[PDB]
$ cat my_file_25.pdb   # PDB, C-alpha atoms (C1' of nucleotides)
MODEL        1
ATOM      1  CA  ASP A 177       8.399  54.627 -15.616  1.00  0.00           C
ATOM      2  CA  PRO A 178      10.554  56.199 -18.444  1.00  0.00           C
ATOM      3  CA  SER A 179      13.804  56.070 -16.318  1.00  0.00           C
ATOM      4  CA  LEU A 180      14.201  52.292 -17.006  1.00  0.00           C
ATOM      5  CA  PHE A 181      13.760  52.762 -20.797  1.00  0.00           C
ATOM      6  CA  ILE A 182      16.301  55.651 -21.049  1.00  0.00           C
ATOM      7  CA  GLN A 183      18.838  53.647 -18.928  1.00  0.00           C
ATOM      8  CA  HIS A 184      18.443  50.566 -21.212  1.00  0.00           C
ATOM      9  CA  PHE A 185      18.584  52.729 -24.392  1.00  0.00           C
ATOM     10  CA  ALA A 186      21.765  54.550 -23.166  1.00  0.00           C
ATOM     11  CA  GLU A 187      23.315  51.153 -22.204  1.00  0.00           C
ATOM     12  CA  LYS A 188      22.536  49.614 -25.667  1.00  0.00           C
ATOM     13  CA  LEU A 189      23.511  52.789 -27.669  1.00  0.00           C
ATOM     14  CA  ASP A 190      26.835  53.182 -25.729  1.00  0.00           C
ATOM     15  CA  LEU A 191      27.279  56.797 -27.000  1.00  0.00           C
ATOM     16  CA  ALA A 192      30.370  57.910 -24.953  1.00  0.00           C
ATOM     17  CA  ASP A 193      31.528  58.480 -21.302  1.00  0.00           C
ATOM     18  CA  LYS A 194      28.733  61.184 -21.287  1.00  0.00           C
ATOM     19  CA  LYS A 195      26.012  58.414 -20.778  1.00  0.00           C
ATOM     20  CA  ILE A 196      25.361  59.613 -17.152  1.00  0.00           C
ATOM     21  CA  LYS A 197      24.865  63.281 -18.291  1.00  0.00           C
ATOM     22  CA  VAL A 198      22.614  62.124 -21.212  1.00  0.00           C
ATOM     23  CA  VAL A 199      20.456  59.966 -18.844  1.00  0.00           C
ATOM     24  CA  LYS A 200      20.229  62.773 -16.186  1.00  0.00           C
ATOM     25  CA  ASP A 201      19.204  65.375 -18.826  1.00  0.00           C
ATOM     26  CA  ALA A 202      16.715  62.845 -20.316  1.00  0.00           C
ATOM     27  CA  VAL A 203      15.220  62.370 -16.756  1.00  0.00           C
ATOM     28  CA  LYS A 204      14.829  66.200 -16.449  1.00  0.00           C
ATOM     29  CA  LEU A 205      13.289  66.445 -19.979  1.00  0.00           C
ATOM     30  CA  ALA A 206      10.861  63.545 -19.238  1.00  0.00           C
ATOM     31  CA  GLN A 207       9.871  65.117 -15.854  1.00  0.00           C
ATOM     32  CA  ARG A 208       9.343  68.615 -17.436  1.00  0.00           C
ATOM     33  CA  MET A 209       7.301  67.194 -20.382  1.00  0.00           C
ATOM     34  CA  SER A 210       5.246  65.113 -17.849  1.00  0.00           C
ATOM     35  CA  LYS A 211       4.549  68.371 -15.886  1.00  0.00           C
ATOM     36  CA  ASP A 212       3.565  69.885 -19.297  1.00  0.00           C
ATOM     37  CA  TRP A 213       0.927  67.000 -19.427  1.00  0.00           C
ATOM     38  CA  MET A 214       2.666  65.524 -22.586  1.00  0.00           C
ATOM     39  CA  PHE A 215       2.871  61.909 -21.232  1.00  0.00           C
ATOM     40  CA  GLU A 216      -0.603  60.732 -20.008  1.00  0.00           C
ATOM     41  CA  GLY A 217      -1.954  57.878 -22.219  1.00  0.00           C
ATOM     42  CA  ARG A 218       1.302  57.872 -24.372  1.00  0.00           C
ATOM     43  CA  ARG A 219       4.022  55.238 -25.221  1.00  0.00           C
ATOM     44  CA  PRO A 220       7.000  54.889 -22.723  1.00  0.00           C
ATOM     45  CA  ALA A 221       9.486  53.994 -25.529  1.00  0.00           C
ATOM     46  CA  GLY A 222       8.486  57.190 -27.479  1.00  0.00           C
ATOM     47  CA  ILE A 223       9.001  59.624 -24.539  1.00  0.00           C
ATOM     48  CA  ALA A 224      12.328  57.868 -23.689  1.00  0.00           C
ATOM     49  CA  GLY A 225      13.622  58.136 -27.324  1.00  0.00           C
ATOM     50  CA  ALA A 226      12.644  61.837 -27.669  1.00  0.00           C
ATOM     51  CA  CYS A 227      14.142  62.697 -24.221  1.00  0.00           C
ATOM     52  CA  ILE A 228      17.472  61.018 -25.240  1.00  0.00           C
ATOM     53  CA  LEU A 229      17.471  62.960 -28.586  1.00  0.00           C
ATOM     54  CA  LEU A 230      16.901  66.257 -26.679  1.00  0.00           C
ATOM     55  CA  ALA A 231      19.540  65.328 -24.021  1.00  0.00           C
ATOM     56  CA  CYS A 232      22.099  64.530 -26.796  1.00  0.00           C
ATOM     57  CA  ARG A 233      21.249  67.935 -28.424  1.00  0.00           C
ATOM     58  CA  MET A 234      21.714  69.723 -25.036  1.00  0.00           C
ATOM     59  CA  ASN A 235      25.087  67.844 -24.711  1.00  0.00           C
ATOM     60  CA  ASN A 236      26.056  68.961 -28.318  1.00  0.00           C
ATOM     61  CA  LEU A 237      26.438  65.290 -29.558  1.00  0.00           C
ATOM     62  CA  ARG A 238      24.905  64.194 -32.938  1.00  0.00           C
ATOM     63  CA  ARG A 239      23.015  60.882 -33.625  1.00  0.00           C
ATOM     64  CA  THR A 240      20.898  59.517 -36.515  1.00  0.00           C
ATOM     65  CA  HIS A 241      17.159  58.707 -36.259  1.00  0.00           C
ATOM     66  CA  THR A 242      18.063  55.101 -37.338  1.00  0.00           C
ATOM     67  CA  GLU A 243      20.064  54.404 -34.101  1.00  0.00           C
ATOM     68  CA  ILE A 244      17.472  55.795 -31.616  1.00  0.00           C
ATOM     69  CA  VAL A 245      14.651  53.858 -33.452  1.00  0.00           C
ATOM     70  CA  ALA A 246      16.874  50.700 -33.279  1.00  0.00           C
ATOM     71  CA  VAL A 247      16.708  50.733 -29.419  1.00  0.00           C
ATOM     72  CA  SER A 248      13.140  52.222 -29.188  1.00  0.00           C
ATOM     73  CA  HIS A 249      10.165  50.263 -30.672  1.00  0.00           C
ATOM     74  CA  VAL A 250       8.378  53.442 -32.021  1.00  0.00           C
ATOM     75  CA  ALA A 251       8.642  54.667 -35.677  1.00  0.00           C
ATOM     76  CA  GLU A 252      10.787  57.687 -36.858  1.00  0.00           C
ATOM     77  CA  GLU A 253       7.625  59.717 -37.684  1.00  0.00           C
ATOM     78  CA  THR A 254       6.467  59.323 -34.012  1.00  0.00           C
ATOM     79  CA  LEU A 255       9.846  60.692 -32.772  1.00  0.00           C
ATOM     80  CA  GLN A 256       9.549  63.622 -35.252  1.00  0.00           C
ATOM     81  CA  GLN A 257       5.887  64.291 -34.204  1.00  0.00           C
ATOM     82  CA  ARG A 258       6.962  64.411 -30.494  1.00  0.00           C
ATOM     83  CA  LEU A 259      10.050  66.574 -31.330  1.00  0.00           C
ATOM     84  CA  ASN A 260       7.840  69.120 -33.187  1.00  0.00           C
ATOM     85  CA  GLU A 261       5.308  68.961 -30.285  1.00  0.00           C
ATOM     86  CA  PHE A 262       8.114  69.722 -27.738  1.00  0.00           C
ATOM     87  CA  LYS A 263       9.204  72.635 -30.023  1.00  0.00           C
ATOM     88  CA  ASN A 264       5.637  74.133 -29.842  1.00  0.00           C
ATOM     89  CA  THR A 265       5.549  74.206 -25.953  1.00  0.00           C
ATOM     90  CA  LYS A 266       5.615  77.545 -23.997  1.00  0.00           C
ATOM     91  CA  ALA A 267       8.982  79.360 -24.494  1.00  0.00           C
ATOM     92  CA  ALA A 268      10.626  76.253 -26.165  1.00  0.00           C
ATOM     93  CA  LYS A 269      12.720  78.128 -28.844  1.00  0.00           C
ATOM     94  CA  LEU A 270      13.558  80.745 -26.115  1.00  0.00           C
ATOM     95  CA  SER A 271      14.907  78.097 -23.599  1.00  0.00           C
ATOM     96  CA  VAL A 272      16.232  75.104 -25.714  1.00  0.00           C
ATOM     97  CA  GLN A 273      19.719  76.796 -25.938  1.00  0.00           C
ATOM     98  CA  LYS A 274      22.828  76.437 -23.639  1.00  0.00           C
ATOM     99  CA  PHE A 275      23.301  76.860 -19.823  1.00  0.00           C
ATOM    100  CA  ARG A 276      20.425  74.399 -18.811  1.00  0.00           C
ATOM    101  CA  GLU A 277      17.837  77.061 -17.718  1.00  0.00           C
ATOM    102  CA  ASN A 278      15.802  76.563 -14.451  1.00  0.00           C
ATOM    103  CA  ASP A 279      12.318  77.001 -16.129  1.00  0.00           C
ATOM    104  CA  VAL A 280      10.248  73.907 -14.983  1.00  0.00           C
ATOM    105  CA  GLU A 281       6.771  75.368 -14.111  1.00  0.00           C
ATOM    106  CA  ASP A 282       3.626  74.130 -15.992  1.00  0.00           C
ATOM    107  CA  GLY A 283       2.038  77.575 -16.786  1.00  0.00           C
ATOM    108  CA  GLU A 284      -1.034  76.667 -18.896  1.00  0.00           C
ATOM    109  CA  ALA A 285      -0.791  73.255 -20.681  1.00  0.00           C
ATOM    110  CA  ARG A 286      -2.447  73.058 -24.185  1.00  0.00           C
ATOM    111  CA  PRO A 287      -1.886  69.497 -25.604  1.00  0.00           C
ATOM    112  CA  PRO A 288      -3.297  68.491 -29.079  1.00  0.00           C
ATOM    113  CA  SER A 289      -5.850  66.113 -27.392  1.00  0.00           C
ATOM    114  CA  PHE A 290      -8.444  68.894 -26.785  1.00  0.00           C
ATOM    115  CA  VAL A 291      -6.798  71.629 -28.986  1.00  0.00           C
ATOM    116  CA  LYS A 292      -7.715  69.595 -32.155  1.00  0.00           C
ATOM    117  CA  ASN A 293     -11.386  69.836 -31.040  1.00  0.00           C
ATOM    118  CA  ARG A 294     -10.951  73.617 -30.266  1.00  0.00           C
ATOM    119  CA  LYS A 295      -9.682  74.006 -33.910  1.00  0.00           C
ATOM    120  CA  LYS A 296     -12.532  71.816 -35.382  1.00  0.00           C
ATOM    121  CA  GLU A 297     -15.278  73.908 -33.651  1.00  0.00           C
TER     122      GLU A 297
ATOM    123  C1'  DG B   1     -16.616-103.136  62.861  1.00  0.00           C
ATOM    124  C1'  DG B   2     -14.068-102.298  58.001  1.00  0.00           C
ATOM    125  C1'  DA B   3     -10.998-102.429  54.025  1.00  0.00           C
ATOM    126  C1'  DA B   4      -9.671-104.708  49.996  1.00  0.00           C
ATOM    127  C1'  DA B   5     -11.180-106.761  45.250  1.00  0.00           C
ATOM    128  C1'  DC B   6     -12.675-104.890  41.153  1.00  0.00           C
ATOM    129  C1'  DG B   7     -17.538-103.870  37.886  1.00  0.00           C
ATOM    130  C1'  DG B   8     -20.199 -99.661  36.588  1.00  0.00           C
ATOM    131  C1'  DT B   9     -19.876 -95.780  33.495  1.00  0.00           C
ATOM    132  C1'  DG B  10     -19.137 -90.995  33.930  1.00  0.00           C
ATOM    133  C1'  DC B  11     -15.789 -87.825  32.248  1.00  0.00           C
ATOM    134  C1'  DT B  12     -11.574 -87.023  29.693  1.00  0.00           C
ATOM    135  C1'  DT B  13      -7.814 -87.444  26.590  1.00  0.00           C
ATOM    136  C1'  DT B  14      -4.807 -87.109  21.402  1.00  0.00           C
ATOM    137  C1'  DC B  15      -5.014 -88.315  16.584  1.00  0.00           C
ATOM    138  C1'  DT B  16      -6.753 -86.271  12.707  1.00  0.00           C
ATOM    139  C1'  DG B  17      -9.670 -84.020   9.336  1.00  0.00           C
ATOM    140  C1'  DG B  18     -12.566 -79.924   9.223  1.00  0.00           C
ATOM    141  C1'  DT B  19     -13.294 -75.034   9.078  1.00  0.00           C
ATOM    142  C1'  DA B  20     -11.649 -71.171   6.893  1.00  0.00           C
ATOM    143  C1'  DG B  21      -8.469 -67.109   8.154  1.00  0.00           C
ATOM    144  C1'  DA B  22      -4.222 -65.508   6.460  1.00  0.00           C
ATOM    145  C1'  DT B  23      -0.545 -63.257   3.062  1.00  0.00           C
ATOM    146  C1'  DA B  24       4.041 -63.344  -0.339  1.00  0.00           C
ATOM    147  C1'  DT B  25       3.651 -62.456  -4.494  1.00  0.00           C
ATOM    148  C1'  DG B  26       1.449 -60.393  -8.460  1.00  0.00           C
ATOM    149  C1'  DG B  27      -1.226 -56.623 -12.011  1.00  0.00           C
ATOM    150  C1'  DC B  28      -3.899 -53.878 -12.803  1.00  0.00           C
ATOM    151  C1'  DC B  29      -5.609 -48.520 -11.846  1.00  0.00           C
ATOM    152  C1'  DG B  30      -5.073 -43.468 -10.502  1.00  0.00           C
ATOM    153  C1'  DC B  31      -2.934 -39.763  -6.698  1.00  0.00           C
ATOM    154  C1'  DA B  32       0.955 -36.641  -5.652  1.00  0.00           C
ATOM    155  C1'  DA B  33       3.959 -33.611  -7.696  1.00  0.00           C
ATOM    156  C1'  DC B  34       6.919 -30.949 -11.089  1.00  0.00           C
ATOM    157  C1'  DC B  35       8.129 -27.913 -14.979  1.00  0.00           C
ATOM    158  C1'  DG B  36       5.261 -25.827 -17.893  1.00  0.00           C
ATOM    159  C1'  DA B  37       2.140 -21.963 -19.905  1.00  0.00           C
ATOM    160  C1'  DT B  38      -1.625 -18.770 -20.175  1.00  0.00           C
ATOM    161  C1'  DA B  39      -3.435 -14.792 -18.205  1.00  0.00           C
ATOM    162  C1'  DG B  40      -2.827 -10.986 -14.873  1.00  0.00           C
ATOM    163  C1'  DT B  41      -1.154  -5.500 -13.222  1.00  0.00           C
ATOM    164  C1'  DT B  42      -0.100  -0.853 -14.380  1.00  0.00           C
ATOM    165  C1'  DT B  43       3.064   1.826 -16.306  1.00  0.00           C
ATOM    166  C1'  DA B  44       7.646   3.415 -19.975  1.00  0.00           C
ATOM    167  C1'  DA B  45       5.816   7.223 -22.966  1.00  0.00           C
ATOM    168  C1'  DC B  46       3.210   9.088 -26.055  1.00  0.00           C
ATOM    169  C1'  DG B  47      -1.517   7.861 -29.365  1.00  0.00           C
ATOM    170  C1'  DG B  48      -6.210   9.023 -28.015  1.00  0.00           C
ATOM    171  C1'  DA B  49     -10.988  11.775 -26.740  1.00  0.00           C
ATOM    172  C1'  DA B  50     -12.768  15.014 -24.439  1.00  0.00           C
ATOM    173  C1'  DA B  51     -11.547  19.235 -22.796  1.00  0.00           C
ATOM    174  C1'  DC B  52      -9.826  23.707 -23.979  1.00  0.00           C
ATOM    175  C1'  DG B  53      -8.820  28.716 -25.779  1.00  0.00           C
ATOM    176  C1'  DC B  54      -8.908  32.385 -29.967  1.00  0.00           C
ATOM    177  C1'  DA B  55     -10.531  33.637 -34.254  1.00  0.00           C
ATOM    178  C1'  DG B  56     -13.955  35.561 -38.196  1.00  0.00           C
ATOM    179  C1'  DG B  57     -19.239  37.807 -41.005  1.00  0.00           C
ATOM    180  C1'  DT B  58     -20.505  42.675 -39.400  1.00  0.00           C
ATOM    181  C1'  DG B  59     -19.980  47.424 -36.916  1.00  0.00           C
ATOM    182  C1'  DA B  60     -16.857  51.584 -34.486  1.00  0.00           C
ATOM    183  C1'  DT B  61     -16.790  55.255 -29.677  1.00  0.00           C
ATOM    184  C1'  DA B  62     -12.494  57.652 -28.392  1.00  0.00           C
ATOM    185  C1'  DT B  63      -6.466  60.025 -29.509  1.00  0.00           C
ATOM    186  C1'  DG B  64      -2.227  58.211 -30.571  1.00  0.00           C
ATOM    187  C1'  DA B  65       0.584  55.447 -33.752  1.00  0.00           C
TER     188       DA B  65
ENDMDL
END

$ encode --input "my_file_25.pdb" --output "structure tokens"
Amino acid sequence: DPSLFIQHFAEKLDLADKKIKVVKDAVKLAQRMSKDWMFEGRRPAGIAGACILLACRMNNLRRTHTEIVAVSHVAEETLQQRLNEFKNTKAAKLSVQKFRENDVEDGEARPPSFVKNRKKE
DNA sequence: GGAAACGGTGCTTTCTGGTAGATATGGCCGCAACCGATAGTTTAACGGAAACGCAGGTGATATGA
């Protein structure tokens, strides 16, 4: 599961005393994105890297793509693809701000896997 | 009624030469024993065959990387 990867990445990055908060927020991000269907058939190191990036953002701490792709085996373009995908989810730009909002429900999930075919038709 | 004198020769005896076995000493011939050597296992440990697993000549279905 992604929990092991985020723990190892946080341990190897050694960001600050905030490691626990970063890992806990990354767990919540990974769980929410999994409930949004954005994890089936996809790389564990990619979800872990993106969840840490989002957790760091929620914790107001800055990091370069080069450090998160040093611990994770996935390429920078994969992190950016997943970041943009997260940003297109239901109410993302309306909930990605401060105060850690309680919105966790799935609603209707519309991943690229079938939506690319819906666009092609 | 018989024993004493002594002639007959049957039966026996050593001096000896014969028969011929015996062996202290001797010289060959070859058995009993040792130190010697050739051949033996099966494995140190890794050199070997047979035993062993992934590639490359197409194709190419998915949706992520």

$ closest_atom_pairs --input "my_file_25.pdb" --of "chain B" --to "chain A" --cutoff "8 Å" --atoms "all atoms listed in the file" --output "Markdown table"
| residue | atom | partner | partner_atom | distance |
| --- | --- | --- | --- | --- |
| B:63 | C1' | A:289 | CA | 6.5 |
| B:64 | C1' | A:218 | CA | 7.1 |
| B:65 | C1' | A:254 | CA | 7.0 |

$ closest_residue --input "my_file_25.pdb" --among "A:178, A:189, A:198, A:226" --to "residue 246 in chain A" --atoms "all atoms listed in the file"
A:189

$ atom_distance --input "my_file_25.pdb" --atom1 "CA of residue 255 in chain A" --atom2 "CA of residue 181 in chain A"
14.9 Å

$ atom_distance --input "my_file_25.pdb" --atom1 "CA of residue 280 in chain A" --atom2 "CA of residue 208 in chain A"
5.9 Å

$ resolve_selection --input "my_file_25.pdb" --expression "the PyMOL selection byres ((chain A and resi 261) around 12)" --output "ChimeraX atom specification"
/A:209,212-215,223,226,254-260,262-266,268-269,286-289

$ resolve_selection --input "my_file_25.pdb" --expression "the PyMOL selection byres ((chain A and resi 227-238) around 7)" --output "PyMOL selection string"
chain A and resi 182+198+201-202+205-206+223-226+239+274

$ build_atoms --input "my_file_25.pdb" --residues "range 239-253 of chain A" --atoms "N, CA, C and O atoms" --output "compact mmCIF listing (two decimals), in the frame of the given file"
# COMPACT_ATOMS: atom_id res chain seq x y z
N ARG A 239 23.47 62.27 -33.39
CA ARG A 239 23.02 60.88 -33.62
C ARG A 239 21.93 60.85 -34.70
O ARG A 239 21.16 61.79 -34.86
N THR A 240 21.88 59.75 -35.45
CA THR A 240 20.90 59.52 -36.52
C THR A 240 19.58 58.99 -35.95
O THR A 240 19.55 58.32 -34.92
N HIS A 241 18.47 59.24 -36.66
CA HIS A 241 17.16 58.71 -36.26
C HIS A 241 17.20 57.17 -36.23
O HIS A 241 16.68 56.55 -35.30
N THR A 242 17.91 56.56 -37.19
CA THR A 242 18.06 55.10 -37.34
C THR A 242 18.63 54.40 -36.10
O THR A 242 18.23 53.27 -35.83
N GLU A 243 19.51 55.02 -35.32
CA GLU A 243 20.06 54.40 -34.10
C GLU A 243 19.08 54.49 -32.93
O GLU A 243 18.83 53.50 -32.24
N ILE A 244 18.45 55.65 -32.71
CA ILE A 244 17.47 55.80 -31.62
C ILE A 244 16.21 54.95 -31.87
O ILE A 244 15.67 54.38 -30.93
N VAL A 245 15.78 54.76 -33.13
CA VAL A 245 14.65 53.86 -33.45
C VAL A 245 15.09 52.38 -33.54
O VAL A 245 14.27 51.51 -33.84
N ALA A 246 16.38 52.08 -33.33
CA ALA A 246 16.87 50.70 -33.28
C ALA A 246 16.68 50.18 -31.84
O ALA A 246 16.31 49.02 -31.64
N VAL A 247 16.91 51.05 -30.84
CA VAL A 247 16.71 50.73 -29.42
C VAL A 247 15.23 50.90 -29.02
O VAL A 247 14.69 50.04 -28.33
N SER A 248 14.57 51.98 -29.45
CA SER A 248 13.14 52.22 -29.19
C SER A 248 12.26 51.47 -30.20
O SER A 248 12.63 51.33 -31.36
N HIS A 249 11.08 50.99 -29.78
CA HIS A 249 10.16 50.26 -30.67
C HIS A 249 9.28 51.17 -31.55
O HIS A 249 8.66 50.69 -32.50
N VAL A 250 9.20 52.48 -31.26
CA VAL A 250 8.38 53.44 -32.02
C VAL A 250 9.02 53.88 -33.35
O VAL A 250 10.25 53.90 -33.49
N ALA A 251 8.20 54.23 -34.34
CA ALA A 251 8.64 54.67 -35.68
C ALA A 251 9.25 56.08 -35.71
O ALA A 251 8.86 56.95 -34.92
N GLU A 252 10.11 56.38 -36.69
CA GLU A 252 10.79 57.69 -36.86
C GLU A 252 9.80 58.86 -36.92
O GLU A 252 10.04 59.91 -36.33
N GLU A 253 8.66 58.68 -37.58
CA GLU A 253 7.62 59.72 -37.68
C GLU A 253 7.03 60.05 -36.30
O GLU A 253 6.68 61.20 -36.05
